[PDB]
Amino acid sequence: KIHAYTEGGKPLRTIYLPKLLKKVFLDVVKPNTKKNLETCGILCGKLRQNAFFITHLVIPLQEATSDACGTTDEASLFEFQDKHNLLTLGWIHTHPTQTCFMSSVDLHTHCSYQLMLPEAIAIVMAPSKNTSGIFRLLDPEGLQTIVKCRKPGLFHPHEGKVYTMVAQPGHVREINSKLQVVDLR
């Protein structure tokens, strides 16, 4: 039995993550990584008995670059999530050649995730360098920094420690659960 807490003491509910998810996602977006392109996908699922279970990897309509990859139809995703009663628990994306780390845009993106949902996680694939990582912002020091950060330019550095890695064991907990990929493209 694990109880995890935030930098400021808020308790963190567990997130159950399918062991298959990471490689399945890497497979689904292989067309972009072999083409050296960033591909993101949304981690959805249910609140059941005070924990979150990730049940769906939703791949949104998106615009992929070598360095970022936002969603480009937020409405089709919301329809889909509303239809199937699916909360957002985080997201995952590929760094095709780059290392395993949270880029500057990656922290601004995750910031609005972790604001909606304190437990939210960002998963990062580095398929060339053969690494992955599950990250979150520091709560509150790191959210504070990124909410105050209206500074410009998309690789802009950040003051002090901004993000960290969900720990092992943690509030993220890998299990052998079934998995559904939903490709919205």
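Residue numbers here begin at 1 and follow the sequence given.
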Using only the Cα atoms and their B-factors as the entry lists them, report which of 154-162 and 46-54 averages higher.
-> 154-162
Average Cα temperature factor in the PDB entry - higher stretch of 117-125, 30-38 | 30-38
Listed options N85, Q98, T109, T88: highest C-alpha B factor recorded at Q98
Mind checking which third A167 falls in for C-alpha B-factor across the chain?
-> highest
Just say lowest, middle or highest third for the CA B-factor of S103 relative to the other modelled residues in its chain.
-> middle
Taking the chain's C-alpha temperature factors as the reference, tell me which third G70 falls into: lowest, middle or highest.
-> highest
Third of the chain, ranked by Cα B-factor, where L138 sits = lowest
